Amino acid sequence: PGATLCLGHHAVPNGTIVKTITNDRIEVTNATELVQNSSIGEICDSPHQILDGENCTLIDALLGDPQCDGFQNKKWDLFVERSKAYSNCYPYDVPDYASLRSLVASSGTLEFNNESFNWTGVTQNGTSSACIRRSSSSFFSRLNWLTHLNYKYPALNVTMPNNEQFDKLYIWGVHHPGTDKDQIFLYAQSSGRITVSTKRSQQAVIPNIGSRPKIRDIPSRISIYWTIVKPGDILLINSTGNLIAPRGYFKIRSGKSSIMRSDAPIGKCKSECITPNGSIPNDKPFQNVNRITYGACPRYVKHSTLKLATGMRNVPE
């Protein structure tokens, strides 16, 4: 009689199809998905420090648009800019806007220190009905609109040394009046000049007079510039008109901070990986949710599914 001894292996009734080098569809006992394809639709507020911009762009929070006063001196790991955001102060532009936005985002702080420039011979604190703060005509909080005093605008030549151990970021601008009359009414002379310099840089700007389309009834514009002043260096502002002066400096830091455009709500939860769609889990090595990511994130790929076999070939009877 004797015996029979058979060697064999398991199988399952519910196998999974995977791809290999030689076969686009082969059934195995089990697999695991390597492409994360969903978000929870909210940005978790831990572990990254999230600052919700609400109605404010980062640049408006920097300059000090009145609706952004709550952002003064705030810090973030990730600043979230919303598509509903709008400007509601004096009309302005920023040559190389994207660069100023990037460098502030990456710095992660709006910490601002006031400095006394001792502006002498000019009127300070110019305001506009385009920039309403507490029902009164106002202006960007961090900027100082200088105009004539007694129909004289005497040449400004002002120094501010950096005696600190850190870099200072100065934000300033040039006012472009809508007409030649407005140039006189504000600066009591026909041609402004601004030169802002350090030992290692110089920026010279000429206003360009002319009508731009009216925003909150203003055909004029301000153009925003920035200057970084290193320790041991000196800021030198030399101007005969059209200066929108700084009130102080921002701390500029280095670290892990950034900015992201998203309409996802902020949630009370923990997730290392943030996308504009919301936080996503980061167990899987890849994801197809969004190319835009912040934190410890799976790598973006253009595959909806990649199944890794975790078992042998499934061979049912």
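Residue numbers here begin at 1 and follow the sequence given.
If you take the mean CA temperature factor per stretch, which one wins between 283-291 and 52-60? Looking at the recorded C-alpha B-factors, 52-60 comes out higher on average.
If you average the CA temperature factors over each stretch, which comes out higher, 11-19 or 305-313? 11-19 has the higher mean C-alpha B-factor.
Quick one: which of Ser83, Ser106, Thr147, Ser99 has the biggest Cα B-factor according to the entry? Checking the PDB record, the top C-alpha B-factor among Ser83, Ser106, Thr147, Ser99 is at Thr147.
Just the C-alpha B-factor column, please: which of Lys168, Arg133, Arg142, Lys75 has the biggest number? So the option with the highest C-alpha B-factor is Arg133.
Ranking every modelled residue in this chain by its Cα temperature factor as given in the entry, which third contains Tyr151? For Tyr151, the deposited C-alpha B-factor lands in the highest third.
Per the entry's values, where does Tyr92 land by CA temperature factor relative to the rest of its chain, in the lowest, middle or highest third? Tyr92: CA B-factor falls in the middle third of its chain.
Assigned third (lowest, middle, highest) for the C-alpha B factor of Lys270: For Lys270, the deposited C-alpha B-factor lands in the middle third.
Modelled-residue ranking by C-alpha temperature factor, third containing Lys256: As the PDB entry reports it, the C-alpha B-factor of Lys256 lands in the middle third of its chain.
Using the B-factors in the PDB entry, rank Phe185's C-alpha atom against the chain and give the third, lowest, middle or highest. Highest third of the chain for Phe185's C-alpha B-factor.
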